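The structure appears below as structure tokens.
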């Protein structure tokens, strides 16, 4: 049901375009979906949760939530308190 030349031919007995929908098959054999997990959200990045999880970053003593102690389970160690030197000279 796309074009039709003779404005009846797709009904005369049992015709539609070439076969059924359009040509024969282009509806199967690949999908995106979650039939058993109705709670997946967007693609998990389990070695790179650095933009979504409560892990990583100074949530510790200078953050805005009141928890203290490491971060969650010690993922990131240190990087945002003091450390040592860096990109500052004369």
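Here, each number is a calculation from the coordinates, and none is a lab measurement. Heads up, the Cβs are rebuilt from the backbone with ideal geometry, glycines too, and the neighbour counts pull from every protein chain shown.
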Practice problem: In whole angstrom, note down how far apart the Cα centers of the range 9-28 and the range 29-90 are. | Solution: 52
Quiz prompt | Cβ-Cβ FRET estimate between residue 52 and residue 81, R0 fixed at 30 Å, reported to 0.05 | solution = 0.85
Self-check item: Per-peptide average of other Cβ atoms within 10 Å, ordering 29-37, 6-14 highest first
Solution: 6-14, 29-37
Quiz prompt | Three-way shape label, the range 45-88, alpha-carbon gyration tensor, a/c 1.5 | solution = oblate
Quiz item: Which of the peptides 17-26, 55-64 is most tightly packed, and how do the rest follow, judged by the mean count of other Cβ atoms within 10 Å per residue?
Solution: 55-64, 17-26
Exercise. Quickly work out the residue 14-to-residue 43 label distance, labels modelled 7 Å from Cα along the C-beta direction, and quote it in nm with one decimal.
Key: 4.4
Self-check item: Rg over Rh [alpha-carbon atoms, Kirkwood Rh] for the chain
Solution: 1.47
